[PDB]
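Letter by letter, the chains look like this.
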Amino acid sequence: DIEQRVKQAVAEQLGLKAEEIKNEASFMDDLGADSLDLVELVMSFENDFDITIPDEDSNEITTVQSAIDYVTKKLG
């Protein structure tokens, strides 16, 4: 249930809905998330998935698919 954890974390953190979250939905462009919700969201991503995300690819996360594609391959 990677899809439920990823979508639930974003929807729960910002008060949005998992079904309203799209794969091609930009975080800053649509939700207007700043680095506070993006750094904290990836902060929670590290605690829940147990992986590390450097700023090298951190600056590449722009859409929901960036979060899922990168963490799905980073899980193992």
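The scheme used for residues numbers each chain from 1 in its written sequence order. That scheme is not guaranteed to match the entry numbering, and residues without coordinates are omitted from view. Heavy atoms throughout the structure, all of them, feed into the side-chain values; hydrogens and water do not.

As stated in the entry header, the method of structure determination is solution NMR.

(A) Local environment of the environment of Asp 55. Each helix is a run of DSSP H or I of at least 4 residues and each strand a run of E of at least 2, with the numbering of both proceeding from the N terminus. If you trace the backbone, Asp 55 turns up in helix 4 (residues 55-58). Linking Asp 55 and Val 39, residues 16 residues apart in sequence, is a C-alpha distance of 9.8 Å.

(B) View of the packing of aromatic side chains. What counts as a ring pair is set by centres within 6.5 Å for rings of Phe, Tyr and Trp (its six-membered ring), and what kind of pair is set by the plane angle: stacked under 30 degrees, edge-to-face over 60, tilted for all other angles. Counting across every chain of the model gives one aromatic pair. Here the aromatic rings of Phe 45 and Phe 49 are separated by 6.3 Å at their centres, their planes lie at 75 degrees, and the arrangement is edge-to-face. A residue pair is termed a helical-turn pair when its members lie 3 or 4 positions apart in one helix, as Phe 45 and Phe 49 do in helix 3 (residues 35-49) at four residues. Pair check on accessibility: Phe 45 and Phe 49 agree, each one buried. For each residue, the accessible area found with a 1.4 Å probe, counting protein chains only, is set against the maximum for its type, and the residue is called buried under 20%, exposed over 50%, and partly exposed in between.

(C) Broad picture of the nonpolar core. Residues grouped as a nonpolar core are buried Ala, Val, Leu, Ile, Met, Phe, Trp, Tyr and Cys residues, joined through side-chain atoms within 4.5 Å. Of all hydrophobic cores here, the largest spans 15 residues; its most connected members are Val 10, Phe 27, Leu 41, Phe 45, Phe 49 and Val 64. Those elements that provide at least two residues to this core are helix 1 (2-14), helix 3 and helix 5 (64-74). The contact rule is simple, with two residues in contact once any of their heavy atoms fall within 4.5 Å. When residues no more than four places from it in sequence are discounted, the contact partners of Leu 41 are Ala 9, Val 10 and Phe 27.

(D) Quick look at helix 1. Over its 13 residues, helix 1 runs 19 Å from end to end, which matches the ideal 18 Å to within 8%, given 1.5 Å per residue. When helix 1 is considered as a whole, its buried residues turn out to be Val 6, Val 10 and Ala 11. Two residues or fewer after helix 1 comes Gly 15, characterised by a positive phi angle close to 85 degrees. For a helix, the expected span equals 1.5 Å multiplied by the number of residues minus one.

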